[PDB]
Structure formats: C-alpha cells, structure tokens
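So this first bit is one chain, no partners, the form deposited in one PDB entry, shown in structure tokens.
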C-alpha cells in the first residue's frame, strides 16, 4: 500500500492551498493545554505547552481503498500543504524535535487531514498590575494564518475546543487557573482581513508568597516602633536608636518588594501599603523628637495618647486597606 501514497502525491502541488479558486478552507482547530508555565511578571510573559491540532479537507488527498485511514509520520508533513498558522502574541515559540519531529499526520479516505504538533509558546500578556498582588488577569493566546486572508482560510473551534489537563502539575507558582474562554474576531491589517482565533486564560493570584515576604515583615516592624512608647522618657539614646533602625529596615523592605515587579510608573496596592508603613515608622520618631523637645525645653502626656492612637490608626487602616482591595 505504498502505491496509495505515491499516487496521492503524483501531480500534487504543495504550494497551492485546496479550493484556491473555489472556497475558503475551513480549519477546525483543537488545543490540549499540557501545562502553563511561570507567568513572568517582569517581561510580561507566560509559558504554555500545548498539543495543537488542525483538521481540514483536502480533495487532492482522496483515495479509494480499504484502509480508510493513513496514520503517518512527520515524513509526509513536508509534502502536503500545511497551513501557515502563527501565534500572534508569541515571543519565543518553539516546536519539539526530540527524538523525532513531534508531528502527527492522519489522512482519511474522504480527504480529511488531521495534523497535530507539540508546541511551547512564550506568549505575551500585558499585566495590568494595579491592585498588586490581588489582581486577576486574562492572558490571551491568539493565532491566525499569516498569508491567507478571510477569503482564503477561515478557522473555527470544535465542540471540544480547549482541553485542560490535571492543573496540579502546572508551573503556576503565584497564580491559580480559575477560568477559560474562547472567541472569534476578524482583525483588519494592511495585507487583508484575517480570522484570528483567541484563547483567554483567566488567572488570579493566590497571595501567599507576598504575605510571607512583604506584608508580615512590614506589619511586625511598624509594631517594632511601637515598643518605644513603653520605654520611658529620658531614655534618649534608646528611644532614638529604636526609631532609626526601624526606618533603616523600611528602606530595605521597600527595595526588595519591587524585585518581582517590572518598572511600572504608578502606585500598586503593595506600594500604597509600604508607603503608609513608612509613615507610622516616620511618625514614631517625630513623636519622640516632639516629646524630647517640649519637655526638656498636653504634650507631656503624649505617650499616654500614642499607645492608644497608633495601634488604633494602623488597625483602622487595615480595615480600609484590606476591604477596598478584596471587596467593594
């Protein structure tokens, strides 16, 4: 049954799509998400590993025989018209070539052609990093043909369009897979109108890592500056030095809290928290710089007021902060 394949390619022009003067080819795509890698917030990327299938009807590949399917290697891919599907928001997309070209090609007797290849895509996701790190994102994965317009190639999803694996073995460290969408749109560029498929992966961040690294050390050092209100007056080197190392540590914690972020030019919800955590550290030494001056040179009962007001005004802030970024 080598004779079936040789007659299938004799007189076959792989430069020409099927129905080149007749119809737009209908391609039923199908995607199996193997894993979603680390959403790199610095480069605004995410890695995705997929098995990507395409079915189209090629009338030139019909054959009248008994076998009814031709389960083939990747040795036939270079001899058949394959659609020029590119991922529109990819940055470093690579097919797999170990140990063989990981491609699959199956031809039925009516001309339908299944084509599946394994791909890793470092796609682009413009992370709107407001409400950091309590943000939700819908990272897109768009693809279309490159040279063939709407009048020549039309894509379409199937009834089992995007299939999801186990979701436990994924490399989503900070995020959590909460949803999945798809859509169909026609963009308008210079070289025609192209039918662009799009898969939106709804991602929400867990907020377990930044609590341990940022929020818990920033709260337990604002409380560290509250120790000085119980240390008495006229303990002048100890009241002072407790209120500078607490400032020195806020300089260290604000610096390290911006390492995972890119160089965004606005105020995130973490940057609102740390900047307020400067102020309760700032207004603890200016409190003693007031109380040391106006006693040696009411105001004398300021430590009776500051032991109540500063634990109140910080816990009142967390009532305003943690509600306006989780509710309302």
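Residue numbers count along the first chain shown, from 1. For the two forms, the rigid core is made up of the largest set of C-alpha atoms that agree within 1.5 Å on superposition.
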Residues of the deposited sequence that sit between residue 298 and residue 297 yet are not modelled: 10 or more
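This next part talks about the form deposited in another entry, which is not shown.
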Position that moves between this form and the one not shown after core superposition, taken from 232, 184, 75, 169, with Cα shift of 2 Å or more: 232
Residue 58 C-alpha moves between this form and the one not shown by 2 Å or more, core aligned: no
Core-superposed comparison between this form and the one not shown, residue 9 Cα displacement 2 Å or beyond: no
Cα displacement of residue 303 between this form and the one not shown reaching 2 Å, rigid core superposed: yes
